[PDB]
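Remember, it's 1-based here, ligands and their atoms both numbered in the order they're listed. Positions are given from 1, in the same order as the sequence printed here. Hydrogens, waters and symmetry mates play no part in the numbers below; they use all other heavy atoms, side chains included.
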Amino acid sequence: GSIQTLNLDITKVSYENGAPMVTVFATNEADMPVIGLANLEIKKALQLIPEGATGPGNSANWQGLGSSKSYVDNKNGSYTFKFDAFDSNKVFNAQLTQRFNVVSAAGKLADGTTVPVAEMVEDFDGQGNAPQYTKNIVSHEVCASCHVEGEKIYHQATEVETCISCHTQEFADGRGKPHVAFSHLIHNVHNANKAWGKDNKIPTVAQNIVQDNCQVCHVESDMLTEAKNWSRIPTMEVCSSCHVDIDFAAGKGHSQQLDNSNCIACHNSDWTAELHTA
Ligand code: HEC
Ligand code: HEC
Ligand code: HEC
Ligand code: HEC
Ligand code: HEC
Ligand SMILES: [Mg+2]
């Protein structure tokens, strides 16, 4: 036997003991329960710092609250996670949107059934109900135009939301490498103005296919309410991924900007959208 698609749905989030308890339901392509998953995990628990809160003009960004591999198989298709060490930095804030990134590793069930990789994110408010605000800009579908589905893109994972959940601005800044925040990295790896990674790769191949065409990734969707952030939210952290010759701090290539407080006053969405579009 072999499962074609593994679907993961979060069916309940409850905060008791403070820490969240999260129930996941696993189904196959025929919507039948999948029991016995041995490699299910909450790869990341996050919360969403809203636009502005880290400073003026700044992007919303994801703050880390931990992860969990500790769960009970409820033997009907559902699995319930607990956290042994939730929010170790003690920043949990029930006012913020909360996200869980759930993944199941490819493998096999007790009876030898093969099961593929699965990944998802879902967002909630601070008590497990619907989220009041989101940062939904891009979804995986666009990457599947040019990257084989179900296979890792570069490393770690197969879907863009998983990448975004680990490659946070906090993660990048904590390691001393702002360029590894996903909103920087993704433009960098497809744009030839600057090399990337351990082999100092110049992305000529990506450049010639993507051609800085924002609309191959940034598309309108009812499911993605922040899709217009690509033109609405100019920051030095992101815009510099391709505009690599500006030094905002020293005023080289541009007037000095010591933060993102005023970018949008000049770089209005209409202008940014129009000038970057063929
Ligand atoms: C075609 C229009 C593309 C879309 C949409 C996306 N990517 Fe892409 N990517 C593309 C090419 C032609 C290449 C270069 C491959 C090469 O071997 O040189 C890439 C590269 C990446 C990489 C770097 C991998 C590498 O150079 O080793 C990553 C990490 C990457 N792409 C991720 C990615 C994601 C997450 C996308 C959706 C948001 C996405 N790409 C779209 C072509 C295209
Ligand atoms: C944490 C759980 C990760 C997930 C999920 C993904 N990545 Fe990752 N990535 C991670 C680390 C710790 C590092 C090293 C960063 C450093 O200190 O150097 C990386 C690195 C990359 C890179 C290289 C970036 C650069 O050097 O400029 C790329 C291109 C990259 N990661 C891409 C990527 C993609 C597309 C992901 C989803 C498919 C992905 N990463 C997930 C940690 C994690
Ligand atoms: C896929 C290869 C992409 C192309 C081409 C472009 N963008 Fe992009 N961008 C993409 C991703 C995966 C993300 C991260 C989304 C997340 O949730 O973190 C982004 C992000 C931006 C942002 C940041 C918005 C914010 O709220 O801070 C901006 C301003 C942005 N992208 C602009 C941009 C422009 C102008 C492009 C064409 C010149 C462009 N993007 C291409 C993926 C890709
Ligand atoms: C790579 C995917 C890019 C990202 C991310 C951003 N921009 Fe960009 N920009 C890009 C290209 C290829 C070009 C040249 C287009 C052309 O027709 O020559 C541009 C150009 C600009 C300009 C005009 C500059 C000029 O030389 O007259 C501006 C003002 C500009 N871009 C702004 C901008 C901002 C504010 C961004 C973050 C939201 C941003 N760019 C991202 C490629 C890329
Ligand atoms: C009005 C006082 C501005 C403020 C505040 C910011 N920018 Fe700007 N920027 C402005 C102009 C008039 C231009 C030149 C446009 C042209 O046609 O050449 C720019 C240029 C940029 C570019 C393009 C740089 C390049 O490679 O040519 C980018 C990416 C850019 N600006 C981004 C940006 C950001 C992120 C800001 C806040 C930190 C910002 N600018 C402030 C006008 C003004
Ligand atoms: Mg680059």
Whether the [X] and [Y] side chains hold a donor-acceptor pair (N or O, under 3.5 Å, no angle test) is what I'd like checked.
| X | Y | value |
| --- | --- | --- |
| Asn7 | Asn28 | no |
| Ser261 | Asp259 | yes |
| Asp111 | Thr113 | yes |
| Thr134 | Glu226 | yes |
| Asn61 | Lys135 | yes |

Check for me whether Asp245 has a heavy atom closer than 4.0 Å to any atom of ligand 5.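 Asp245 does not count as a contact of ligand 5 under the 4.0 Å cut-off.
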
So do the side chains of [X] and [Y] get within less than 4.5 Å of each other, counting heavy atoms only?
| X | Y | value |
| --- | --- | --- |
| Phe83 | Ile42 | yes |
| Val22 | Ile10 | yes |
| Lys43 | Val102 | no |

With a 4.0 Å cut-off on heavy atoms, is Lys198 in contact with ligand 2?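 Checking ligand 2 against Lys198, which is what was asked, there is no heavy-atom contact under 4.0 Å.
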
To the nearest 0.1 Å, how far is [atom] from its closest protein heavy atom, and which atom is that?
| atom | value |
| --- | --- |
| atom 11 (C) of ligand 2 | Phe171 CZ, 3.6 Å |
| atom 25 (C) of ligand 2 | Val180 CG1, 3.9 Å |
| atom 27 (O) of ligand 2 | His179 CD2, 3.5 Å |
| atom 1 (C) of ligand 5 | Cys266 SG, 1.8 Å |
| atom 26 (O) of ligand 2 | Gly197 CA, 3.6 Å |
| atom 5 (C) of ligand 4 | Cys242 SG, 3.5 Å |
| atom 30 (C) of ligand 5 | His267 NE2, 3.4 Å |
| atom 35 (C) of ligand 2 | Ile153 O, 3.4 Å |
| atom 36 (C) of ligand 2 | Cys163 SG, 2.8 Å |
| atom 21 (C) of ligand 2 | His167 CE1, 3.4 Å |
| atom 41 (C) of ligand 2 | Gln156 CB, 3.5 Å |
| atom 23 (C) of ligand 4 | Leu275 CD1, 4.0 Å |
| atom 12 (C) of ligand 5 | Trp271 CH2, 4.3 Å |
| atom 38 (C) of ligand 4 | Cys239 SG, 2.6 Å |

State the atoms of ligand 5, each with its element, that fall below the 4.0 Å cut-off from a heavy-atom position in [X].
| X | result |
| --- | --- |
| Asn262 | 5 (C) |
| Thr235 | 35 (C) |
| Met236 | 35 (C), 38 (C) |

Would you sort out whether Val34 and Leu6 count as a side-chain contact (heavy atoms from CB on, under 4.5 Å), showing the intermediate values? CA-CA 8 Å; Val34 176; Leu6 181 64; 3.9 Å; yes

Any protein heavy atom under 4.0 Å from [atom]?
| atom | result |
| --- | --- |
| atom 14 (C) of ligand 5 | no |
| atom 32 (C) of ligand 5 | yes |
| atom 18 (O) of ligand 5 | no |

For ligand 2, find out whether one of its N or O atoms is nearer than 3.5 Å to an N or O atom of [X].
| X | answer |
| --- | --- |
| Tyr154 | no |
| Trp196 | no |
| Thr162 | no |
| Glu159 | no |

Measure from the side-chain N and O atoms of [X] to the backbone N and O of [Y], and report whether any donor-acceptor pair falls under 3.5 Å.
| X | Y | value |
| --- | --- | --- |
| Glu51 | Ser59 | no |
| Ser78 | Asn74 | no |
| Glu161 | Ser139 | no |
| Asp87 | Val91 | yes |

If the cut-off is 2.8 Å, does any N/O/S atom of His254 fall short of it from atom 8 (Fe) of ligand 5?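 It does; at least one qualifying atom falls short of 2.8 Å.
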
Check: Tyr15 ring centre within less than 6.0 Å of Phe92 ring centre: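 Yes, they do, as the ring centres are separated by less than 6.0 Å.
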
How about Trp196 and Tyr154: are their ring centres within less than 6.0 Å of each other?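 Yes, close enough.
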
So, regarding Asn191 and ligand 4 (criterion: nitrogen or oxygen to nitrogen or oxygen, under 3.5 Å), is there a contact or not?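 No, no N or O pair falls under 3.5 Å.
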
Looking only at heavy atoms, is any part of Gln257 under 4.0 Å from ligand 5, and if so is it the side chain, the backbone, or both, or is it neither?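 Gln257 to ligand 5: side-chain contact only, backbone stays beyond 4.0 Å.
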
With a heavy-atom distance limit of 4.0 Å, tell me whether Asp259 approaches ligand 5 through its side chain, its backbone, both, or neither.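 Looking at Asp259 and ligand 5, just backbone atoms fall under 4.0 Å.
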
Is there a side-chain hydrogen bond (donor to acceptor under 3.5 Å, both in side chains) between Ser231 and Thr272? Walk through the geometry before answering. CA-CA 5 Å; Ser231 66; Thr272 297; over 6 Å; no

With heavy atoms only and a cut-off of under 4.0 Å, state how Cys263 meets ligand 4: side chain, backbone, both or neither.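 No part of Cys263 comes within reach of ligand 4.
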
With a heavy-atom distance limit of 4.0 Å, tell me whether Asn188 approaches ligand 2 through its side chain, its backbone, both, or neither.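 The answer is neither.
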
Anything under 30° is parallel, anything over 60° is perpendicular, the rest tilted; go ahead and classify [X] against [Y].
| X | Y | answer |
| --- | --- | --- |
| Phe171 | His167 | perpendicular |
| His276 | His243 | perpendicular |
| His254 | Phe248 | perpendicular |

Out of all atoms in ligand 2, which are within 4.0 Å of some heavy atom of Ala157? Include the element for each.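 Atoms satisfying the 4.0 Å criterion: 38 (C).
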
Out of all atoms in ligand 2, which are within 4.0 Å of some heavy atom of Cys166? Include the element for each.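 Answer for ligand 2: 1 (C), 2 (C), 3 (C), 4 (C), 5 (C), 42 (C), 43 (C).
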
Any N, O or S atom of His155 closer than 2.8 Å to atom 8 (Fe) of ligand 2: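 Looking at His155, which is the residue asked about, there is an N, O or S atom under 2.8 Å from atom 8 (Fe) of ligand 2.
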
Could you list the atoms of ligand 4 found under 4.0 angstrom from a heavy atom of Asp212?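 With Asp212 as reference, the close atoms of ligand 4 come out as 1 (C), 2 (C), 12 (C).
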
Can an N, O or S atom be found in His276 less than 2.8 Å away from atom 8 (Fe) of ligand 4?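 Yes, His276 qualifies, because one of its backbone or side-chain N, O or S atoms lies under 2.8 Å.
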
Run the side-chain hydrogen bond (donor to acceptor under 3.5 Å, both in side chains) test on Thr225 and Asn136 for me, step by step, so that the C-alpha distance in whole Å, both residues' side-chain angles and the decisive distance to 0.1 Å come before the verdict. CA-CA 6 Å; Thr225 47; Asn136 293 335; 5.0 Å; no

Restricting to N, O or S, what is the name of the atom of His243 that lies nearest atom 8 (Fe) of ligand 4?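 Restricting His243 to its N, O and S atoms, the minimum distance to atom 8 (Fe) of ligand 4 goes to NE2.
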
Going through the checks in order, is the side-chain contact (heavy atoms from CB on, under 4.5 Å) test met by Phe124 and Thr97? CA-CA 6 Å; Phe124 299 92; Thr97 297; over 6 Å; no

